[PDB]
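Notes follow once the structure below has been shown.
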Amino acid sequence: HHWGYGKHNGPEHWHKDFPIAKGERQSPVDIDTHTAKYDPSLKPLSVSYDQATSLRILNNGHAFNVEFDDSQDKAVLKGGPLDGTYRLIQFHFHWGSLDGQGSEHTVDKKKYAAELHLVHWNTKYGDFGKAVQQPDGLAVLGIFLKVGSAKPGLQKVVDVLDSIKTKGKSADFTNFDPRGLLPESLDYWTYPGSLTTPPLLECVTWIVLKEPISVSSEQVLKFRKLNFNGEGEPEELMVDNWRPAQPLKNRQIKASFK
Ligand SMILES: NS(=O)(=O)c1ccc(C(=O)NCc2ccccc2F)cc1
Ligand SMILES: [Hg+2]
Ligand SMILES: [Zn+2]
């Protein structure tokens, strides 16, 4: 039936309703640090989240999204491998049932506990919907989460999860500052790819940060208490909502550092 992460509608079944799953530039991929090409012509990233306006947080049955007002250039991403300005529209995570898995991208086959995706769309396209019809329509900033010490900036998110336990639930979420989620270094790897969930459109320029942020065990534990199911239905814990690494094919992962 509708796609999911279970035995019968998981990633290995997606190709049936979304043929693009077997495309040439699918994500995520495994980043082989030794094969990545250091490209000095890559500019430094420019993240301007000082005027970010968060609106709400919702459980959409696959993960939880924190949405932002993208009607104006409040929070933007520029620099790096990007041309033009990209607006932040939402951010979400992918996580596992155990600390040893959860991320979508892997580094030298190493899986992290979770992965943060900050989704942006190219302003040149007018709206998100048009942007997804273009090879350079989106830019996703990926950040790995390793279990260790608590991340203060993530706590506001952790505290509201109870209100959005089940599919379709949403809660007002204003004044959240996304800058509290960034590692201290902005070094990154970049490659052309796609959305990691259906429709799996190959409209994304992936920018994966080298330095992971650390979060406490108790923080990720709360992610695991979310439900895939809607209220009243049988309980299916929201865990392992990650897609396995896809073949790199004829693409090159570039690094902004040596
Ligand atoms: N995990 S990830 O690659 O960062 C990712 C980012 C955004 C979306 C999204 O906006 N989906 C809804 C959607 C997308 C395109 C067309 C119609 C939709 F409803 C999905 C996955
Ligand atoms: Hg596209
Ligand atoms: Zn994602």
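We're numbering straight along the sequence, starting at 1.
- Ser54 contributes atom OG, which lies 10.0 Å from atom NZ of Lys156 (distance to the nearest 0.5 angstrom).
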*asked:* Please evaluate residues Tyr125 and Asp136 with respect to the criterion side chain to side chain donor-acceptor pair (under 3.5 Å), reporting the C-alpha separation (whole Å), side-chain torsions for both, the decisive distance (0.1 Å), and the verdict.
replied: CA-CA 10 Å; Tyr125 302 119; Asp136 62 354; 2.7 Å; yes

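- Contact between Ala114 and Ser103 at its shortest, heavy atoms only, is O-CB, 3.8 Å.
- To the nearest 0.5 Å, the span separating CG on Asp127 from CD1 on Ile89 amounts to 9.0 Å.
- Hydrophobic cluster membership is shared by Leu118 and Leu209, with clusters built from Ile, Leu, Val, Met, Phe, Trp and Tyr side chains linked at under 4.5 angstrom.
- Between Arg224 and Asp99, at least one side-chain N (NZ, or NE/NH1/NH2) sits under 4.0 Å from a carboxylate O, which counts as a salt bridge.
- In terms of hydrophobic clustering, with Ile, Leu, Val, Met, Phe, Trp and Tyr side chains grouped at heavy-atom distances under 4.5 Å, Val147 and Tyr112 are assigned to different clusters.
- Taken to the nearest 0.5 Å, the CG atom of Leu77 stands 5.0 Å off from the CD1 atom of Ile207.
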*Passes side-chain contact (heavy atoms from CB on, under 4.5 Å), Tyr5 versus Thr197? Steps please.*
CA-CA 10 Å; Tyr5 294 96; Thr197 63; 3.2 Å; yes

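- Between the CD atom of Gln246 and the NZ atom of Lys22 there is a distance of 9.0 Å, given to the nearest 0.5 Å.
- You'll find the side chain of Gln26 reaches within 4.5 Å of the side chain of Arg243, heavy atoms only.
- Taking the six-membered ring for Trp and thresholds of 30 and 60 degrees, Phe68 and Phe91 have ring planes inclined between 30 and 60 degrees apart.
- Note that the CG atom of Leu116 and the CG atom of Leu141 stand 7.5 Å from one another [nearest 0.5 Å].
- The same ILVMFWY cluster, assembled from side-chain heavy atoms under 4.5 Å apart, contains both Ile57 and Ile143.
- Two residues are said to be in side-chain contact when any heavy atoms from C-beta on lie closer than 4.5 Å; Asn59 and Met238 meet this criterion.
- Taking the six-membered ring for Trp and the full ring otherwise, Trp242 and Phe93 have centroids separated by 6.0 Å or more.
- The ring pair (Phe, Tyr, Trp, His ring centres under 6.0 Å) test with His105 is passed by exactly one of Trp189, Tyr191, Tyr188: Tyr191.
- The CG atom of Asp69 lies 5.5 Å from the CG atom of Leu55; values are rounded to the nearest 0.5 Å.
- Under a cutoff of 6.0 Å and an axis angle of 45°, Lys210 and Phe257 form a cation-pi pair.
- For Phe64 and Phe173, the ring centers are positioned 6.0 Å apart or more.
- Contact detail for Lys169 and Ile164: the closest heavy-atom pair is CB-CA, 3.7 Å.
- For the 3.5 Å distance criterion, the side chains of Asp70 and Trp121 qualify, holding a donor opposite an acceptor.
- In the model, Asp240 has a side-chain atom that pairs as donor or acceptor with a side-chain atom of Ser97 under 3.5 Å.
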